[PDB]
Structure formats: C-alpha cells, structure tokens
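One protein chain, two forms: both are listed below as structure tokens, the first as structure 1 and the second as structure 2.
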Structure 1
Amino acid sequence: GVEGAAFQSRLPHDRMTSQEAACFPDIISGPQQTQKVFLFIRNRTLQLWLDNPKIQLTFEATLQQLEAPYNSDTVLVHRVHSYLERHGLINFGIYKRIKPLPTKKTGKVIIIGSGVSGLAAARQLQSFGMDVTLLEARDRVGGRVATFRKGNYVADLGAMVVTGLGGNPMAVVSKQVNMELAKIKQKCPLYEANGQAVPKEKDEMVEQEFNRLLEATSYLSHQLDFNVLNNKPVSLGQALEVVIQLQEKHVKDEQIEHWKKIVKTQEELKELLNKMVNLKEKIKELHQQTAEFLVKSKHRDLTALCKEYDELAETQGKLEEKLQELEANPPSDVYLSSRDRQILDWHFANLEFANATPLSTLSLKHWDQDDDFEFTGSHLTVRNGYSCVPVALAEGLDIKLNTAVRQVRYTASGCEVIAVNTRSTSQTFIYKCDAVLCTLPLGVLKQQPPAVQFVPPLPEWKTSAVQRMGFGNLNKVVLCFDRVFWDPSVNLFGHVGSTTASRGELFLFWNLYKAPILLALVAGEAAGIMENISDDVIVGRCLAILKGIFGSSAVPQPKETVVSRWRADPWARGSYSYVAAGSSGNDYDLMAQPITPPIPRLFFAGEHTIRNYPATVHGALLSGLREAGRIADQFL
C-alpha cells in the first residue's frame, strides 16, 4: 500500500535515508517506535501526493487525510511535510495550488538555460516564495528535449524514451501533463548491407556471443583489475578487442591440436604400412619355400606369419577408421566470419547509441556505474512529443528567450551575470541577483574557447572534472512519408553496416509513431562525422538502405525530412555525458558541488551532475529539484 509509494519516490520503505537523519536527528537518536511512525507518515504523505499529483498536497489536507493514530501529532506531520516539500518529493512538476503563491518574494535568482533541469528548479523555487528568472539562449524551451512538429508529423530529435515508470518522477510528470506513453516492442530484426534479413539462428547466436563478450570485460575489470595498463586507463573497446583476440586464439589452438592429432595418426599409418610390406615380402618368400616334417614345419610357420599380418591388418582397419572420423569432425575454422563480425558490429553500434560515444572512450570499470539505479518496467516512447513536458513546465515562469549568457560574476556581495540578445549580439543585458544556478550542458562548459567566462575563474577541481568527464554525441534523421511501407508490428529494425569503422551509420530504425514517420539513428564515430554532410544525401543513403530492405518499388521519396546535428549545435555541443576512461562516478558529484568565494552562490544542475541518473531527462529533473531544495534551504 504505502510501501509502493515509498518505492515510487526512490526511497527505502522501512528505513530512513541519510538526509532524513540530518534533518531529523531527534528521531535517529531516539526510540525505534517514533522512527517507525515517522516512516509511516512519510510514506502516507507520499501516497497521498502520488495518488492525486494534479493538485498541491498541503499540510492541512495531509493532516485531514491521515488516519486515526497519526493525525494528532500535528507538529511531526508538519515537519515531515516540510521536509518532503523542500526536496521536491511532493508538490513538484505542474500542479494546481490551493492558495496562489505569495505576492512578495524573498530572494532573486537567475537560472542559466531552460532545460528540464532549469524548468524544474525554477518551478520549485517559484512555489517556494522566491523571485526566479531564466536565461535561455535558444528560441524555444526544453533544450535537448526537441520535438519537430509540422502538420500531422511529430518527431523527437532529442529526448524520446521514458526508461521505465518504477521510481521515475517522469511518471508523475506524464500523469500531470496527460502525455500518452506507448510500449516499445522489443523485437528488432536485422538486415545486412545487401538487404537480406539476418536469419534467426545467426541473429541470436551473435547476440549471445556479444553478451558473453560484455560479461567477460566486466569480469576482467571487476575481478582482475584490468583497469590501468601501461599507465593508461583501459577503455571498453580495449577490453572487447582483447577478449575477441583471446577467443580467436582458442579457435586457432583447437585447430592446431586437431592438425597435430591427424598428422600423428598419419605417421603411425605410414610406418605401419612399411611394417606391412616388410611382412608381406617375408610371407611371400617363405611361401616360395623327413622332408614331410619340413613341409609341415614350413606351413606351421606360414600360418603364424599370416595371422600376424591379419592382426596388424585389423589394427590398420581401426586406424584408418580413426583417421576418417577425425577428417569428418574438425573444430571451427574462424571464430567470427566476416558477416558474423558485421552483425557483432551492429550490436556494438547499439551499445554506442546507448552511451552516445565510441566504446574506445568508455571507462571499462565505470561506464555502467548507474546500472544499479535503473527503473523497473518497460521502456515507453511518447506520441504527443516530449516537448509537451518542458513547454507545460514553462507556463507561468519568467523566461527570457534568445539571451545567451557570456559572463558570470560571483562575489560575496552578490552575483552579476552578463547576457546578450542572440538575434544580433550587439544589444546587451545585465542581471544582478543573490544566486545563480547554471544548467549549461557539459559540452558548453567544455568549449575550446570558453563561451561563458566565470569571474573569479572556476576552481581547479571544477574545471578538471569538466575536462575529465566525457560528453558524447548521437544524431537522428526523421523521414515523413505519405504511405507506410514497413511492418507496423515492429517498432525497431536494424541495418548492419559493411565496415566496423562505420557500424553506427543509420544502424537502427524506429517506427514508434503510427503516423507514417521513420526515425534512423546515427551513433558512434559516425555521429560526429556525418554532421559534415548535407541533409539531402543522408536521406539518399537512408532511402538506399530502405530500398535494399523493401525494394525500389515500394518506397516513395519522403515528403518531409529533418536531421539533427547535436555536436554542431552551439547550445548543446553533443548529446549527453558519458563516463570517460579517466573519469569516475565521483566526477558527477564534483559537478554537483556549489562554489563560494562566506556562503555559496554559484550552484550547478543538469544531466551531468546527478550521479545515479545521468544521461537522462529524469536525472535532469531530479537535479533541478535537488539544487532548488538546497538553494531554498540556504537562503530561507
């Protein structure tokens, strides 16, 4: 009942977390029973919020809706409610307030960027009773949540998947905005470069070989410490390559031992044939040979020589039998065929899409450190378009579009930030405030000449963490036809590339909209490279692949086409962060720590600051909530 509400909030239902011990020391240092009832009140208020997240849950409605034993200790109920409301576990997202937020607002803060992190932090700080204003360089809100809308056509160019609802705050936000989510059919047929389908047996054989290779690299790192070789951190690509080399030699070694057995039996047979012709000539020359007793003795010798010959002929029979049967049963010739390698490269490209970077750059030890915080349930796509979430989050917020910040000043006296209108950067704006929450993407902070100056310049640990962490890339091309020529029962289908070097080029195709739209991904080393290619020839290559799969007859020229270039986009400089070889999971927490030239005044939020949920939009949401909570807890 209430345990489900605790789980949905990413909390253990029968034990208090560390932040609750920090905010409620009188309980962790007290009796067990009051800890248990604290947990019950927390879970019950969470359940009340989650069962009807459309309207604000007040302390008053909380008190009135709790049941008999707990409704009387009003002060602890209010403590629990205030704790939960401060940290964004209740009254977050877009909800109808019971009383409109107060007129006078104690504290003014500017927020860089209008992404999901920025919008969430803005809404939290607004309903906390503070003055908030956003500066967004782009001409729309959401940032990396980009939905191309034209006529009947809807297509997400950035955020596109909801990675499960079990514990996901995106479940609450989807319920609030009435966004319809549809399951993804996890059936992905593959098609080779010529267009012929990959048979079932080969498909699943290569798939499970890929999985075994990945588990082998996991082992190499987590029980042999194959983490630093030659004073160099090991990538996932290195471990994959060396495990492939190991299995290729297992193949070669079994080949060698088979050849050695066969040649040794061949030598045995040649020498036995020598012995046999020797005995044959002995038998012949004796066959050519009291005289009655001599005849009888000669025959007594000849029969013995003949039984000798025939016993050895029996041994020869079983030995030629053995040679033939080992001529029949050899081991594998190649570990992977050429086509086997191409299919395995498709699976590698799928992993490169999952991490938005080439595995040549992923920390073998830490690339999947977030894995233990994944949500339960099935992955869901959005049909209304993911922009329905940022735009819905933006109503009622003081958002200044087309204002790119170029300088951020933070001193103990206050904070001044210099922004500039984008459409002609001669006009200049300047904003004073008490705090600044930066939600700039890591790609913007990484830029070769700093697109935003910081005065005083950022600390050593901050800039070092910015440089160590990885910020990957992943692109989409969407094709809008008039007719649907593909199988409407499959959401995913793959195209296997010819070369390993270009295995992530148009390797996956999505039919996740029942409107006639097809989405093709570009991941890995191709992502940052095919951005240098005009849209027309990329859609030409897509049409070539689709012609090879379906025939030149059944595919018309598309009626609308869109291409993403996220690394080129000056407001993104890539897709999402990844754990680079030199980096670790602690670098996200370093990105999360605020700066103080004294009290902290420059705070950081965004997808690259949430250790347990990076690379995802629910991570940006939760990071915005956390930073708003700490800002309001300091300034109020």
Structure 2
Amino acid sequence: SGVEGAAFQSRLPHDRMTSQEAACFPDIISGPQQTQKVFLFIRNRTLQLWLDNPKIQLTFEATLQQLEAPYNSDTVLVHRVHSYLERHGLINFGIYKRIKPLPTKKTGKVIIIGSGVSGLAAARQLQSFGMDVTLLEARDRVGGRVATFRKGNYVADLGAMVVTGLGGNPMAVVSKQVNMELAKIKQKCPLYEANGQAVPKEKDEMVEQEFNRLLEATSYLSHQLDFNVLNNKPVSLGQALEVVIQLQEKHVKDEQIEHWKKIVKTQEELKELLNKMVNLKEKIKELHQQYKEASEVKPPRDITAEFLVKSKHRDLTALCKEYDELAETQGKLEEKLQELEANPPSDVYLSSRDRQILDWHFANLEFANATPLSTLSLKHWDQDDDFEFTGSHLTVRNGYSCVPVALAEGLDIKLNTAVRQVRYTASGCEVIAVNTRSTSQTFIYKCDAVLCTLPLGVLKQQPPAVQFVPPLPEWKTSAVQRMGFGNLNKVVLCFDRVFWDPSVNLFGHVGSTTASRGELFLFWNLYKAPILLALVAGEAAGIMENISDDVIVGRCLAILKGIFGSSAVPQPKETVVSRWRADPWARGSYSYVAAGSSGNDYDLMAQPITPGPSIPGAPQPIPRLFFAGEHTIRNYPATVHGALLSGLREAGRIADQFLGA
C-alpha cells in the first residue's frame, strides 16, 4: 500500500503506535482501539504527503485540506500529529523550500561542535524551529567523515560512498532534494591470487559458501551453545571462527580414523580367515595322502580296509567343502577391502590455496566492519543487521560531498575552529575554541546548550583533545572506552585510460598470508572518469598508514600489473591515500560493537548530561550537554543515515527542552 509504505519508509510499524508515540499521545495509546487506528492513519497519511514531495514544506494547513472525512474532523488531533512529526524530524527535514519564511524572533542559543552530517542535520532543524544555532568545525570544510576528493575531471569519495539500500533510508528523502546521482553495484567479483591468475569458478564458490557456513557456525556457537565468555574475557567473532575451523579440522581427522579403522577391522578378519584356510589346507593335504595310501591297498580287501578308503574319502570331501566355503568368504571380504580403499574421506579440510581465498572473504568482512575480526563482539557484532534497508546498495557517482554542502546552505558555520574545552553549568554553557591556523587566537562561545558531535575516536583520545568542565560522568566515559572505533582506508588511482573490465565493478586481490589479507584486497570501479579505488582493511589498515604514499601506489601498480600485464598499466595522473586513523579530527573510521560491549553502550552515548545546581538546595537543573553522531544511534551506527537520524533526534530533544513540546 501507499499509506502503509509511508510508515515503512519512515522506519515505522504501520498498524501499531511506537514507544515514542506513546510518550506524546498517552491518552490515545491507553484509549480505545478505534481512536488508535484514526491516529495511525493520520500519522501514516501525513508521512505519505511529505514523502510524496520532500522539496516543499508540508504545513499543518496543507495536511488538513488533504485529509478526507472523517479524519479531518478532530483538527486538534491532526494538529498534534503534524507537530509531532515535524519536531521529531519525520517530515519537513533535509532541504526543502519553506512556505513560511523563518521568523526573525530567534529563541535560545545552541553551539554545535562539528559539522559532520549529524551536526549539520541537527543545526538545520534547530534553525527551522527558530533557535539561534552556530556550528564550530575544526576542519576547513563541512562534511566530517563525508569527504570527496575533486581535481579536474576526477571525483572520488575518500569517506562515505555507499547508500546501504533506499527502503527505509532517510537518504532516499535527501537524494530527492539534492538530486545526487546514485548507481547500482554489479556483484561479480573475480578474485586473482597473488600470482595474478584468477581463481576458477569451482573454487571461488566452494569457498564463499564455506565462508558463509562458518559465519552461521559462530552464530549457532554463540546463541545455542552460550559460548560467549572464555577465561573471564568476552569471546570475539574472530576467536569463534578460529574455534569453528579447528572443529572442522578435528572432524576431518575423525573421519579418517574411523575409515582406516574399518580397514584394520576387516583386514584382521581376513587375517583370521587366511589362518583358518592355511591350517585347513595342510590338514587336507595330509588327509589326501592318507586316502591315497588306503586307496593303494589293492583289493580284494576285508571290510575294515574297505571302510578306511570310503571313510577317508568322506572325511576328505567334507574338509574340501569346508575350504571352498572359506574361500567364498575370502572373496567377499577381499572386495569389501577394495571398497574401502576406493572411498577415502576428505583429505584436508582446507588447503593453503583454499585457506587463502577464505582469508579474502574475512578481509571483505573486516572491511565493511572496519575492524579486525579479533575485536568484534561475538554476541553483538551483527545486532544492527535486523534493520537493514531494502533495495540495492548504491554508490554516489558525483561525489557524496554534494549532501553535506547542500545541508550547510544558510547555516552559520565557523570553520578552522577547534574546540578545546566544553564548560556546562546550571546557568548555561561556555565553549572555548582556537583558530586551527593560529592556535593563539582564542574564542569563547556562550550558549544555552551544547550539542556534541565529536567522533568517538576523538572522545577516545588520550590525552584528551577536548576537555569537559566538569568531567563527563563515569557511566559515559566507560561506555566511551568500551565501544570500538575502527578503521579502513582507500587509495584513489586516477588514470587516463581504462585498462580493467568496464562491465565489472569489483575485483579482488588474494593476500598470501592471513596477516596481509587486508592489504589492498579489493579494487573498485564506479566513477565516470577512469578511476580505480583500492581498499585496505583489517590489521592491514593501521599498518599501511606508516607507509609512504609512493610505496603504497607501488604496491598497487604491482598488484595490477600482475593481473592485467606490465604492458597495460600506465602511471596514475593523480593519486590520493586516506589515513583516517591519523586524521586528528576522526581518529579512525567508524564505530564497531567491540567485544565486551553491546548496543546499550550506543544508547549511553546519546544520553544528555545534566549539570548539578549552582547554588546548593536549588531545583534540578535541565540538561545542558547533548550528543549526536553515528556512535549515538543503536540501530544504525557507522553510517551517514545513522548520523543524520541522530542529529534529527537531538534537535527534537533540544527543542522540546528549550522551546517546550
């Protein structure tokens, strides 16, 4: 349906009110089931009208005229719903034309640290809501971890690059507003081993499926066998995979021992049979000689002598019958041995060539999770997976910077302003910052409220890059230490001519050792001008940063020349190498559910901080220090959309505080 789809695109159940809706409409959720449906239809239909055209502000007046009877009869109900959606950023968010020009009477002062997407989105909302908002950005540009390299015809994102489906993604709304150009990714990914020859089909698939099996194996290991703690430390996805593999190697050896033990069992029966036949043959040989001697007492003989011949003859053919039976038994034993000698179970679980291609799939996983698998929480690493968007993953062909730039239009941003100290008290807040170009120039910003979108890497820093006065409470810092902030990097290679396969967007480089598996493991074609990106993941990420650009581009051209031939790989006209862990305004790439952590930690991060009373005995102050950013959104971490949502969230929360709901 279309009304139902609007709910799904708003990441909302269509036939049920949410906890957040319960909070604002508790008369209705505790009320009769009929009014619940009316509420629900108004909510879904308002979402639909906004979604059906996100380039214009959807006003309450507009919404009411568009409702049919009887839903437009309780106008106060419609008005509550419309304001609810507006406040929480479900409608009229991103970049739209305003019908009502913004009122000049601004209320409240908010200082926003960082103009990443989380910071930018919050700012735009707070401005929409009529507050005074100023952003402080340490870098000389907007966008934070969304960072597009541009030089001549060449365009290539050093930061975010993928929209992980449009079904339920707010970036689907944004992209209608910003008219950015999205493009699908062809799934075919030929892997070339270090020799530069490709991996044949039989083996690429045999291993990818084995990799997928080993994953599910750890999940069973996790959920069904309660194997989440080992020697008082939390088990990691890495250790689980290692244990799973060892168990497959164990079981392969088990099958061999069972199989060769069927052979000794049968050979030993044969040994006993042969012994019976050899002792029977000697007994027969002796008996025949006796019959021969008795048979040569030529007649006429008396009856005992006749008995002896006839007797021996009987005894002899009896034993020959026994022997013939034993040798028919020997036939059917000797062929059971030819049977087992021809169905020997699998020789090895994985070969060194195999285990290397396996390592490639691990690197691929290490890449999209931006951390070594030894660090992912076995129990909780995939928890954000229940909220995958639907539809194809897309890339931004024209450069993802188009979004944060468009978002910054009309906002008051102070670039080259590194915050050093955040002071929050009962009466308000002071943010101290310096000019990054000239750190002797000091700036004091007084404000009602501070919204912090500092990267989790930055909060993690020791010694601190930003000091909080007073210090963040333990429950917040401890979550900061617990969570994982990871790392990936790219090498942009700009050539003048395409030498790769144009109908192929991905191909891989298989590392020769488990350790080197993340080192330049994937090559990515996706832009109009001839550009290959080269990805670095896992334990390789951190190590590659202490290597010079020229050497890295050497390792790249070396790998490529192995695949396409020395005669076909020209020198790049322009190159760029990201080093995200060393970027002091990032201190890594994005968060990851570290072992020993959980998604509850992501919630702790979003909890605002409330100072204590200036004067003692004074009423409970209001919260003053707020937090957004991809590390603050449980169900959608480590993405642009998660950041955007987190900013939308805090803006709603701050407005509810300082303007009233």
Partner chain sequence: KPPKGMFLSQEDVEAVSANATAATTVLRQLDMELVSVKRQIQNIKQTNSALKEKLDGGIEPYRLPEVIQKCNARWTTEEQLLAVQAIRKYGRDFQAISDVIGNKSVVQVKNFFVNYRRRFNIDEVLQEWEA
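Just so we're on the same page, rigid core means the largest C-alpha set that superposes within 1.5 Å between forms. The first residue in the sequence of structure 1 is number 1, and each one after it adds one.
Asker: Choose the one of the two that is the form deposited with its partner chain bound.
Answerer: Number 2 is right.
Asker: Pick out which of 425, 489, 250, 413 lies at the hinge where one rigid part swings against the other between structures 1 and 2.
Answerer: Of 425, 489, 250, 413, the hinge residue is 250.
Asker: How much does the smaller rigid part turn between structures 1 and 2, counted in whole degrees?
Answerer: When the larger parts are aligned, the smaller part is off by a rotation of 6 degrees.
Asker: By how many angstrom does residue 318 shift at its CA between structures 1 and 2 when the core is held fixed?
Answerer: A shift of 4.1 Å at the C-alpha.
Asker: Mind pulling the C-alpha shift for residue 34 between structures 1 and 2, with the rigid core superposed, in Å?
Answerer: Spelling it out: core superposed, C-alpha of residue 34 shifted, distance 1.3 Å.
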